[PDB]
Amino acid sequence: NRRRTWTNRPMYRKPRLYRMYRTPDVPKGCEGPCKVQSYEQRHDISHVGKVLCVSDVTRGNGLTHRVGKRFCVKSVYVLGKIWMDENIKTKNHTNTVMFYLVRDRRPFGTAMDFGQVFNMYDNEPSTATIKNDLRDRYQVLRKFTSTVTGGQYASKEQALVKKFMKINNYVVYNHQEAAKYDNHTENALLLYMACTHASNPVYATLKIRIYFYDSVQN
Amino acid sequence: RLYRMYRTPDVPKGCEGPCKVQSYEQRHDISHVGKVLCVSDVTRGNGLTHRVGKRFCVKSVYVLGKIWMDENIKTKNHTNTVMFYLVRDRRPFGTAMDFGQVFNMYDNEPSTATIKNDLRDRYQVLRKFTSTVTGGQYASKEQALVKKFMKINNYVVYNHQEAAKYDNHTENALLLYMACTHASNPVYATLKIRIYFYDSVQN
Amino acid sequence: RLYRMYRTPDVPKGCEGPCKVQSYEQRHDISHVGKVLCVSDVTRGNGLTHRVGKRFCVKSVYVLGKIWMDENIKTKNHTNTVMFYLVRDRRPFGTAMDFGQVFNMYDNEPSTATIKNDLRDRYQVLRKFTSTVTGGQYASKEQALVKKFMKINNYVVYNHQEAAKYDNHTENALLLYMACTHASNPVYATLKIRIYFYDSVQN
Amino acid sequence: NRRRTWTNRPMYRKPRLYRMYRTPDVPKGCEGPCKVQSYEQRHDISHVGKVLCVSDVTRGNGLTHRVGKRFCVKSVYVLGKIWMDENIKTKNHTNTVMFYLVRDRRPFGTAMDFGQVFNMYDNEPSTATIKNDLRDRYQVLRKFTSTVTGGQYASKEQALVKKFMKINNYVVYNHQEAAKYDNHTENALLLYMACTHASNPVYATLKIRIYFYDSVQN
DNA sequence: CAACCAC
DNA sequence: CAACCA
DNA sequence: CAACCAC
DNA sequence: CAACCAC
DNA sequence: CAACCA
DNA sequence: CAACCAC
């Protein structure tokens, strides 16, 4: 019944039920089924830092597709593992991976890059807050850490990241669809990752999942 | 006269009789690819720890035991976590599908595991829980205790046929899925998986 | 008067109109795990090489091209065969399932591949055909030609929706599954997969 | 419809339809759906030779289960690959794998073993026929070969075996079910494999599939 | 509380 | 509770 | 929630 | 025959 | 045709 | 079919 109605739907549009009615699940303005979108990747983290846009969703009929240019992201579910490489783990040290889920109210360009948005002493991600000028544009919705420790004879090779986070965030795109950061006219959810230890890196195998609904507004 | 049978508290709705247990005591050899076992496997019969009809409600699962490392593996310095998933298959068939072909994930990594985008209507994850164990030459955390009681009102329907097999389940079959986070070396899991069920008043 | 339309020979039953072609020209990078592509992917529209309704009959598939080895791989002495399977998925959904999770086989070996015991009702193998290529330092068989016409009366039903996507197919979707027999090194396959179809008289 | 009737069948017995009626597919005497049974294995072949029983099927309600002690094997489908190991393939030589699908009308014991049934000069599998005395007991239903050639600079590492073969063969078991060669009261289908080259071995990754129907007779 | 068993 | 699916 | 910024 | 196009 | 399934 | 043996 769940699956049938979506396949047997009228050509270009959602099933009638969705159009009609509203679950308590869906936020204000927006309608339709809770569409998912996933970013599965092994991110190689550094001291300088890494970025990715997690609102990157293309436009289309089906599921995992925005319909219009506007849509509301209701929640983000980051899950996976951060870990040390087999040659690095021998060396005795510790590193926390700093995750910052930020929003930029006025986005453009390809990517902002870490340390060109976060102000910090000696390029240190633990002392990181938004820059004086960009403070208006960028806001940190969530931040969360994850520790990993190397050692010759005894090591903590890996750490499991599992973090659900609800953030009712409305985003607006261009007319053209590419599922790219460049296309976002309104705010776009960015995940910024940074390794606390200066020299050696850490890996982060992550599924970043994002849950969203299509906007009726405008 | 005929009074209605006052079903006692702490039995599920549409179910009666004594609470019947069913145990699956085993040493599971856990891997990165992932192990499976069906925990709704219970035979039909007049004996105790058998179902009577085709319908019954599991009220609660009790997983208890130990995860541990072998004597040659424990010397090697690493960490690894066993990822328990108790999942419900709503509309099952055939052999129980392997951890790899139910859960989708990056590089066969169980920490990134969620139910496949295609067959998400079919399977649901009821409970998940981790358990970490650390190797080390001079200082190891050889073992880790598992003690996990979980109340789930799961009504399984069976095939007409009598057998304690997965093929028989018509709907809501219970699978326990296990997987080790570290790729190379394995882990043992000595586990008693106990299940507490009541037979349905219907049929 | 109204005479019935004498449908010409060499069009399928319940189908009429001109025979429309559809091509999928590509260099496929073949592996041991196995590659897939849907060959019933055709969009809805008034243009040529589009379907009109949701129903149409593929009458014939024409696979032609070349399997070949890279300049660094061809020096290494081995043999490897590409195993083409043209399979029908009767009742499809979602993303097209990977070669590994449709076909069951010993040690992921495509030569031992048959459709999984569970989902055997769903998938059928219409045609299979091999193509061997041999490496060698001094004397190699670098490449192998593929030329294979196959008449299959396959009636696909689509989703209401217009799109040339696999998700849309309601039934009888056509998948071409490819897999290399040798485990280590890969093979290229420059292929034109052409498909010859007629639109259904119904709807 | 196909799948539903088998799951919704009456408890201990086949669907009514099968009981009633007979397809042209099923052989004489026997009834019911065409039950399959598979033996997927990497067989390590030698000059002395290897054996396996391919009628090994256990007893039970479902598919891939015999019901009674009697059943008819209609066809065998051997498919897979024979191949040379990475260190062996360097050496220049040739070997054919000789497959013999034989039937022993009066089987017992664990396995007969190759060269204790086949008579041959200098233990050579190419000169192999059934022994003078056992000739009555054993019959070769099919034989088929497959060549593989080693070489330092140019080799034929592997060869694809694909062989369907129809052989309406009725077999009878003990009362007890173990899916073992020992249990066969009547004839059992045995596959005998042998490498033609004396010294080095060859591997054989094979799915041996067998198609059978349950007997109404006796 | 521990885990279908009791107080 | 797990993570849009019941 | 994170930290004077915004929803 | 080659592969929706023709003789 | 592929291999018990349409 | 394989090779005096059997179905």
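Residues numbered from 1 in each chain as written, not as in the entry; some residues may be left out. Chains lettered and ligands numbered in written order. Part of a larger assembly, values for the part shown. Heavy atoms only, no water.

Method of determination, as given in the entry header: cryo-EM; reported resolution: 3.30 Å.

Caption draft 1: View of the overall build of chain A. Regarding its fold elements, chain A presents two helices and 10 strands. Viewed in the frame of its principal axes, chain A has a C-alpha envelope of about 60 × 40 × 30 Å. A sequence separation of at least 24 residues applies to 77% of the contacts in chain A between residues at least 6 apart. Just so you have it, chain A exposes about 10700 Å², and 48% of that area is on carbon and sulfur atoms. On chain A, the mean spot of the 36 positive side-chain charges and the mean spot of the 18 negative ones are 10 Å from each other. (Helix = DSSP H or I, 4+ residues; strand = E, 2+ residues; numbered from the N terminus. Contact = heavy atoms within 4.5 Å. Areas by Shrake-Rupley, 256 points an atom, 1.4 Å probe, with all protein chains shown as cover. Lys, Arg positive; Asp, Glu negative; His and termini not counted. Charge placed at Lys NZ, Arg CZ, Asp CG, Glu CD.)

Caption draft 2: A look at the overall build of chain B. Helix and strand counts for chain B come out as one helix and 10 strands. Counting helices and strands in the order they occur from the N terminus, chain B gives β-β-β-β-α-β-β-β-β-β-β. In terms of overall dimensions, chain B has C-alpha extents of about 75 × 35 × 25 Å along its principal axes. Here chain B, with 203 residues, has 51% of them falling under the buried criterion. At a minimum sequence separation of 6, the contacts of chain B that also span at least 24 residues come to 78%. Surface exposure of chain B reaches about 9600 Å², of which carbon and sulfur atoms provide 50%. (Buried < 20%, exposed > 50% of the residue type's maximum accessible area, 1.4 Å probe, protein only.)

Caption draft 3: Representation of the interface of chain B and chain A in the model. Taken residue by residue, the interface counts 25 residues in chain B and 25 residues in chain A. Taking both partners together, chain B and chain A bury about 1900 Å²; carbon and sulfur atoms supply 51% of that area. Broken down residue by residue, the surface that chain B buries against chain A is led by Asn-77, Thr-79 and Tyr-106 of chain B, which jointly contribute 30%. One can count one salt bridge joining chain B with chain A. (Buried area = accessible area lost by both parts, 1.4 Å probe. Salt bridge = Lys/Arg side-chain N within 4 Å of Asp/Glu carboxyl O.)

Caption draft 4: Inspection of the sheet that holds strand β2 (residues 35-38) of chain C at higher detail. All names here are of chain C. Strand order across the open sheet formed by four strands is β2-β9-β4-β7, with antiparallel pairing between neighbours. Looking along the sheet, the strands with just one partner apiece sit at the ends: β2 and β7 (123-134). Adjacent strand axes in the sheet meet at a mean angle of 15 degrees when their direction is disregarded. In this sheet, strand β9 (residues 173-178) lies alongside β2 in antiparallel orientation, the contact comprising four bridges. By the bridge assignment for β9, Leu-37 is matched with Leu-176. (Pairing = 2+ DSSP bridges. Axes fitted to C-alpha atoms, helices over the stretch in contact; angles between N-to-C directions.)

Caption draft 5: Region of interest: the pairing of strand β4 (residues 93-104) of chain A. Residue and element names in this part refer to chain A. Judged by how many residues are buried, β4 sits mostly within the fold: nine of 12 residues are covered. Across 12 bridges, the pairing between β4 and strand β7 (residues 138-150) is antiparallel. The residue of β7 that forms the bridge with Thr-96 is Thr-147. As defined by bridge partners, β4 adjoins strand β9 (residues 188-195) across eight bridges and the pair is classed as antiparallel. Looking at β9, one finds that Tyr-100 is bridged to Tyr-192.

Caption draft 6: Fine view of the interface of chain D and chain B. With 11 residues of chain D at the interface, the matching set in chain B holds nine residues. In total, chain D and chain B occlude about 850 Å² of area from one another, counting both sides; carbon and sulfur atoms represent 48% of this. Taken together, chain D and chain B are joined by zero salt bridges. Our count for the contact surface shared by chain D and chain B stands at four residue pairs in polar contact. (Polar contact = N/O pair within 3.5 Å; in protein donor to acceptor, adjacent residues only side chain to side chain.)

Caption draft 7: Highlighting unusual backbone geometry. The backbone of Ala-179 of chain A sits at a positive phi, close to 50 degrees, despite the residue not being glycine. The backbone of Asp-107 of chain B shows a phi angle near 60 degrees, a positive value even though the residue is not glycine. With respect to the helices and strands, the residue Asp-107 of chain B is situated in the loop between β5 (103-104) and β6 (114-115).

Caption draft 8: Highlighting the protein's contact with DNA strand G. Residues and elements named next belong to chain A. Taken together, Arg-103, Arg-105, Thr-129, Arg-135, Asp-136, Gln-139, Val-140, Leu-141, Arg-142 and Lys-143 make up all the residues around DNA strand G. With respect to DNA strand G, the backbone of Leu-141 contributes an N or O atom lying 3.5 Å from a sugar or linking oxygen. Between DNA strand G and the protein, one listed contact pairs a phosphate oxygen with a side-chain N or O atom of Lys-143 at 2.9 Å. Per-element tally for the surface near DNA strand G: the top contributor is β7, with five residues. (Near = heavy atom within 4 Å.)

Caption draft 9: Broad picture of the pairing of strand β3 (residues 55-68) of chain C. Residues and elements named next belong to chain C. Bridge count between β3 and strand β8 (residues 143-157): 13 bridges; the pairing is antiparallel. Along β8, the bridge assignment pairs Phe-56 with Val-156. Direction of pairing for β3 relative to strand β10 (residues 187-200): antiparallel, over a ladder of 12 bridges. In the strand pairing of β10, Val-61 is matched with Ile-195.

Caption draft 10: Expanded view of the pattern of salt bridges. Summed over all chains, the structure comprises 26 salt bridges over all chains. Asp-25 of chain A is the salt-bridge partner of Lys-74 of chain A, the closest N and O atoms lying 2.8 Å from each other. Of this pair, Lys-74 of chain A sits in strand β3 (residues 70-83) while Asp-25 of chain A sits in the loop between α2 (16-20) and β1 (31-45), and the two are 49 residues apart along the sequence. Note on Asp-25 of chain A: relative accessible area 42%, which makes it partly exposed. Notably, a salt bridge pairs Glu-142 of chain C with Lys-74 of chain C, separated by 3.1 Å at the nearest N-O pair. Linking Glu-142 of chain C in the loop between β7 and β8 with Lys-74 of chain C in the loop between β3 and β4 (79-89), this pair joins segments that are 68 residues apart in sequence. Judged by relative accessible area, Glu-142 of chain C falls into the partly exposed class, the value being 26%.

Caption draft 11: Region of the structure containing the side chain of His-32 of chain C. All names here are of chain C. Here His-32 lies in the loop between β1 (15-30) and β2. Since its relative accessible area comes to 13%, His-32 is described here as buried. Of note is the side chain of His-32, whose polar atom sits 3.3 Å from the backbone oxygen of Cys-180. A distance of 3.5 Å separates a polar atom in the side chain of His-32 from the backbone oxygen of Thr-181. Discounting chain neighbours no more than four positions away, the residues touching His-32 are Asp-107, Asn-108, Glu-109, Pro-110, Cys-180, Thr-181, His-182 and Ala-183.

Caption draft 12: Up close: the sheet that holds β1 of chain C. Residue and element names in this part refer to chain C. Strands sit in the order β1-β10-β3-β8 across an open sheet of four strands; the sheet is antiparallel. Strands with a single pairing partner mark the edges of an open sheet, and in this sheet they are β1 and β8. Here the average twist between neighbouring strands, direction ignored, is 15 degrees.

Caption draft 13: The arrangement of the protein's contact with DNA strand I in detail. Every one of the 21 residues lining DNA strand I counts as a neighbour, but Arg-120, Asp-121 and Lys-128 of chain C together with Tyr-77 and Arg-209 of chain D are closest to it. Backbone atoms, meaning sugar and phosphate, make up 64% of the atoms of DNA strand I lying within 4 Å of the protein. One of the side-chain nitrogen or oxygen atoms of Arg-120 of chain C is found 2.8 Å away from a phosphate oxygen of DNA strand I. With respect to DNA strand I, the backbone of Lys-128 of chain C contributes an N or O atom lying 2.8 Å from a phosphate oxygen. Elements that contribute at least two residues to the surface near DNA strand I include exactly β7 of chain C together with β1 (31-45), β3 (70-83) and β10 (202-214) of chain D. Per element, the largest residue contribution to the surface near DNA strand I is five residues, and it comes from β7 of chain C. Tallied by class, the residues present in the surface near DNA strand I amount to eight nonpolar, three polar and 10 charged. (Nonpolar A, V, L, I, M, F, W, Y, C, P; charged D, E, K, R; others polar.)

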